[PDB]
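Just below is one structure, and these are the notes that go with it.
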Ligand SMILES: [Cl-]
Ligand SMILES: [Cl-]
Ligand SMILES: [Cl-]
Ligand SMILES: [Cl-]
Ligand SMILES: [Cl-]
Ligand SMILES: [Cl-]
Ligand SMILES: [Cl-]
Ligand SMILES: [Cl-]
Ligand SMILES: [Cl-]
Ligand SMILES: [Cl-]
Ligand SMILES: [Cl-]
Ligand SMILES: [Cl-]
Ligand SMILES: [Cl-]
Ligand SMILES: [Cl-]
Ligand SMILES: [Cl-]
Ligand SMILES: [Cl-]
Ligand SMILES: [Cl-]
Ligand SMILES: [Cl-]
Ligand SMILES: [Cl-]
Ligand SMILES: [Cl-]
Ligand SMILES: [Cl-]
Ligand SMILES: [Cl-]
Ligand SMILES: [Cl-]
Ligand SMILES: [Cl-]
Ligand SMILES: [Cl-]
Ligand SMILES: [Cl-]
Ligand SMILES: [Cl-]
Ligand SMILES: [Cl-]
Ligand SMILES: [Cl-]
Ligand SMILES: [Cl-]
Ligand SMILES: [Cl-]
Ligand SMILES: [Cl-]
Ligand SMILES: [Cl-]
Ligand SMILES: [Cl-]
Ligand SMILES: [Cl-]
Ligand SMILES: [Cl-]
Ligand SMILES: [Cl-]
Ligand SMILES: [Cl-]
Ligand SMILES: [Cl-]
Ligand SMILES: [Cl-]
Ligand SMILES: [Cl-]
Ligand SMILES: [Cl-]
Ligand SMILES: [Cl-]
Ligand SMILES: [Cl-]
Ligand SMILES: [Mg+2]
Ligand SMILES: [Mg+2]
Ligand SMILES: [Mg+2]
Ligand SMILES: [Mg+2]
Ligand SMILES: [Mg+2]
Ligand SMILES: [Mg+2]
Ligand SMILES: [Mg+2]
Ligand SMILES: [Mg+2]
Ligand SMILES: [Mg+2]
Ligand SMILES: [Mg+2]
Ligand SMILES: [Mg+2]
Ligand SMILES: [Mg+2]
Ligand SMILES: [Mg+2]
Ligand SMILES: [Mg+2]
Ligand SMILES: [Mg+2]
Ligand SMILES: [Mg+2]
Ligand SMILES: [Mg+2]
Ligand SMILES: [Mg+2]
Ligand SMILES: [Mg+2]
Ligand SMILES: [Mg+2]
Ligand SMILES: [Mg+2]
Ligand SMILES: [Mg+2]
Ligand SMILES: [Mg+2]
Ligand SMILES: [Mg+2]
Ligand SMILES: [Mg+2]
Ligand SMILES: [Mg+2]
Ligand SMILES: [Mg+2]
Ligand SMILES: [Mg+2]
Ligand SMILES: [Mg+2]
Ligand SMILES: [Mg+2]
Ligand SMILES: [Mg+2]
Ligand SMILES: [Mg+2]
Ligand SMILES: [Mg+2]
Ligand SMILES: [Mg+2]
Ligand SMILES: [Mg+2]
Ligand SMILES: [Mg+2]
């Protein structure tokens, strides 16, 4: 047993490792989206850079779980990072719809971990999730939902001019 | 009778309280518009912020009537602030049309108060309305009429791309 | 159902709308206090400005609930904003006593919402209340209790010189 | 007839000369108050300086009527400036009560001149009064009423400590 370990349940330790893996998985999916939108036959570079930044964010969130695990005296255990579900992402609407689902999946895992931390009476883990994850998750989901509404408004998937304009005006110029 | 009161008719005092209530009512309607355009299924954030700023303006104009009332030795009497007529506002065109009607209503109440102040030979109240309200009212009505013309030009309500572009180009970026 | 909605109970959504209304109600009561202390026959302008600032704070806290509601995919539903319980507020002691009761009422509604969020296993709503409301509420209650103790010390309600001095020294010069 | 004169009734010209005299009269009364509060056996120097500043303000307002008269092609006609009604002013309360009455008298003369300008269809004279006089008059009356309320609160005329404190805290330090 680690000399620092206190009030840290084995189940929470294991769930933190799973959460670490899921954040790496999410980062990898966003990287795939980046590379798709960077293609010469897709060529929406502001959308591409949005996904690249989100890939970096998810990787940072993985690293935070690693640091957390060690702070509590748990032990980081890594597994394979599964490739993304798709090799190509259709268009900006399809990608953002997939991003929404991914954020919802990550959010459910965070909420499930909070339930487990609550069940095991671990307020430090509860605080960690609430302070570092749950609100930024809600913000990201809201942003992507807002995007989807605008892409539909712009006539995606059929309206290429709409898709062009989204890339110029809804995501930051890169 | 207040020690400061001079040339201030009871009818004007009461009409100032009604005007205070109407400005609060107007502020509340603009707040509702703000919240509508902030929805994830509406998501026109520059339009939303336009209405939020107008809500704050109308609240400031209410406060100015309160300060006025006391300066003249009248007594502020508050009533309920009625909820807005609608819970949802359709789209940017419908909202701006409602905003135009609201500004016209507020303008008519201001013009009616000026008539009353004139009838009661109250030049200080006349000056107040002319200097602090009537011209800014005309400017706001003109701005919103200009907006409506452009929203029609852009093909509202059917043309979502038009609605998107209005939000990017006609209202200030927030 | 909103595309962003996750782990958000209908009961919580409705309680958030009620909380929004209560903050608007509170703002309106403080506005009334402002106008009372601004009267020529009351004329305690630092006290007046204290209440004006608190009215603006409560309105900002209402706006935060609106933004919250939309972030979670709930729907803002507005009701009338009831006028304050009194048209005149006696003196600084009576007003501060009413302010204390109002803050206690708002605090109880916040604590009740936290209980509901807890019952519905909504940690994001719990965090929101804890991070944005509950501590600032405790601070405001403490400040007003401290004020009441000093107003009693100063001999309110009978001691006008005491009331004058409170306005010069206990609330910020405006 | 002056080469510049247009739409300027003889009655208005004469009333402007009377108004000029009244402003000089008012200035002189405030000067008397200044000298009273400067006495070694009165010695309220912030109150004294308040009245001195008001004497200078009223003299500037006289000068503005002179300039007005010439701008319209009327002719400045001066009369004696009557000494103030009192040689000594009692205490701060009595003085402020007299100041209130004086401001009310000046305000009534301004309102009477506005009525005359209205009757003679002189919008330039109306504008002049509204823009340069009527609102600053209302502000001064409000300020002095507020002062009187506070002097009563402080226990004037009997409470010397109250009178001392007013001089330190309600009027600007000179
Ligand atoms: Cl342990
Ligand atoms: Cl423990
Ligand atoms: Cl364990
Ligand atoms: Cl895993
Ligand atoms: Cl596998
Ligand atoms: Cl694929
Ligand atoms: Cl495409
Ligand atoms: Cl967070
Ligand atoms: Cl958006
Ligand atoms: Cl289309
Ligand atoms: Cl957008
Ligand atoms: Cl009157
Ligand atoms: Cl009159
Ligand atoms: Cl009347
Ligand atoms: Cl009303
Ligand atoms: Cl009703
Ligand atoms: Cl509706
Ligand atoms: Cl729309
Ligand atoms: Cl104006
Ligand atoms: Cl325009
Ligand atoms: Cl069209
Ligand atoms: Cl435009
Ligand atoms: Cl839900
Ligand atoms: Cl859940
Ligand atoms: Cl539900
Ligand atoms: Cl309600
Ligand atoms: Cl009711
Ligand atoms: Cl009452
Ligand atoms: Cl009082
Ligand atoms: Cl807080
Ligand atoms: Cl204190
Ligand atoms: Cl006492
Ligand atoms: Cl204090
Ligand atoms: Cl003429
Ligand atoms: Cl003419
Ligand atoms: Cl003539
Ligand atoms: Cl004369
Ligand atoms: Cl004589
Ligand atoms: Cl005398
Ligand atoms: Cl004295
Ligand atoms: Cl003025
Ligand atoms: Cl004062
Ligand atoms: Cl006393
Ligand atoms: Cl004062
Ligand atoms: Mg060891
Ligand atoms: Mg284990
Ligand atoms: Mg595989
Ligand atoms: Mg618990
Ligand atoms: Mg936080
Ligand atoms: Mg984020
Ligand atoms: Mg996120
Ligand atoms: Mg996240
Ligand atoms: Mg463009
Ligand atoms: Mg552009
Ligand atoms: Mg009285
Ligand atoms: Mg009345
Ligand atoms: Mg109703
Ligand atoms: Mg007229
Ligand atoms: Mg103007
Ligand atoms: Mg305006
Ligand atoms: Mg307006
Ligand atoms: Mg207006
Ligand atoms: Mg939907
Ligand atoms: Mg419901
Ligand atoms: Mg009622
Ligand atoms: Mg917390
Ligand atoms: Mg905190
Ligand atoms: Mg606070
Ligand atoms: Mg509070
Ligand atoms: Mg609070
Ligand atoms: Mg002191
Ligand atoms: Mg001091
Ligand atoms: Mg000549
Ligand atoms: Mg003549
Ligand atoms: Mg004589
Ligand atoms: Mg006029
Ligand atoms: Mg003016
Ligand atoms: Mg003045
Ligand atoms: Mg004046
Ligand atoms: Mg004046």
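Every read-out reported here was derived from the displayed coordinates using simple, explicitly stated rules and does not represent laboratory data. Here the Cβ positions follow ideal geometry from the backbone for every residue, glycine too, while neighbour counts run over all protein chains shown.
For the reader, a short list of remarks on this structure follows.
- Debye log10 I(q)/I(0) at q = 0.08, 0.09, 0.11 Å⁻¹ for the protein assembly as shown, Cα point scatterers: -0.81, -0.94, -1.16
- Between 0 and 90 degrees, the angle of helix D:135-153 with respect to the longest Cα principal axis of chain D falls at about 20 degrees.
- Helix C:160-169 and the longest principal axis of the Cα set of chain C meet at an angle near 50°.
- Shielding value for B:72-79 is 6, the average number of Cβ atoms from other chains within 10 Å of each residue's Cβ.
- Inter-label distance for residue C:111 and residue D:94, nm, one decimal - labels placed 7 Å from Cα along Cα-to-Cβ: 5.7
- Relative compactness, the range D:11-83, computed as alpha-carbon Rg over 2.2 N^0.38 Å: 1.31
- Label point 7 Å beyond Cα along the C-beta direction, distances from residue C:105 to other copies (nm, shortest first): 2.7, 4.9, 4.9
- Label point of residue A:1 (7 Å along Cα→beta-carbon): distances to the other copies' equivalent points are 4.3, 8.6, 11.0 nm, sorted ascending.
- Distances, shortest first, from the label point of residue B:88 to those at the same position in the other copies read 3.7, 4.8, 8.0 nm; the point lies 7 Å along Cα to C-beta.
- Within the range D:136-174, backbone nitrogen closer than 13 Å to the virtual label 7 Å beyond the Cα of residue C:174 toward Cβ: none
- The range A:1-52 and the range B:1-28 have Cα centres separated by 60 Å.
- With all pairs of separate Cα atoms included, chain D yields a Kirkwood hydrodynamic radius of 17.3 Å.
- What separates the Cα centres of the range B:94-108 and the range A:148-168 is a distance of 31 Å.
- Order of A:75, C:59 - criterion: other Cβ atoms within 10 Å of each residue's Cβ, fewest first: A:75, C:59
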